[PDB]
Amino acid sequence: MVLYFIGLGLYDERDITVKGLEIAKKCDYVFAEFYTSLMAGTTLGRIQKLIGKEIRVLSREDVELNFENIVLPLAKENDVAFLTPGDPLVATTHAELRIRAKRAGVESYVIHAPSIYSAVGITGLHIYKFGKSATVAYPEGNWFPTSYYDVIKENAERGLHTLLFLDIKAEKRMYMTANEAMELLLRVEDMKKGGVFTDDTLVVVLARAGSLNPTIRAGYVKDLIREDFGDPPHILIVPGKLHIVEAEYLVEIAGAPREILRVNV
């Protein structure tokens, strides 16, 4: 008699909230997708073990095309759950699935979970200072995406930071790295030459948020473009004008160039 959208969190199976676990343990059927993001700290088995239910995984197509044929039909006579990495409604199009649920006469509920969108708080950058966000997508064929480049520009002009979700092709097991994302951004700089992303632009990389030992680094592109930030997933951030306290955290915690301390007011 219900459908639950339950978030699994940032890194491993324990990133689920107690609410989400207690509820998932009591559902009759459990579905999940693992294409919107990457949980590099667990495995399907451990999750199934933690929840104590068989977890039927779905592909982007099963979801996007047959959600109402695969999941909804059961939600009518049973308690069904749909799991996702991080928060189920952040940087996905899952929200519209609630509309399908409604249109099918199924009540739906949402259980949140830690999201990279808020997790960036660990970088020491003020969350309220983040502007519009964007995704650095893989180029395909002769199509060259540049929108994400303009987002950075627009925010930087207001002194705001930019959060850059990195692309992903789960079926191919391809998880864009920050290094890759930086390369792509430099290329776009050649094209537009708007002085947005150069070798002297300060950036911050967060890898494996949620793990006890995430990788947090801040520095100039020229020096990080070649750095190894560990296994994915990675997120890239282009800070705006920094508050002194932010710079302090970047230098003290993310080992950034001690020079960023002398901010330009």
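In case it trips you up, residue 1 is the first one in the sequence shown, and so on.
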item	value
Mean C-alpha temperature factor, higher of 202 to 210 and 49 to 57	49 to 57
Mean temperature factor over C-alpha atoms, higher-scoring stretch between 12 to 20 and 249 to 257	249 to 257
C-alpha B-factor winner, where the candidates are 164, 90, 111, 75	75
Options 193, 126, 100, 132 - largest CA temperature factor per the record	193
Chain third (lowest, middle, highest) by recorded CA B-factor, residue given as residue 30	middle
Ranked C-alpha temperature factor of residue 122 among modelled chain residues, by third	lowest
Record-listed C-alpha B factor of residue 158: chain third	middle
Chain-relative CA temperature factor third for residue 189	highest
Chain thirds of CA B-factor: placement of residue 96	lowest
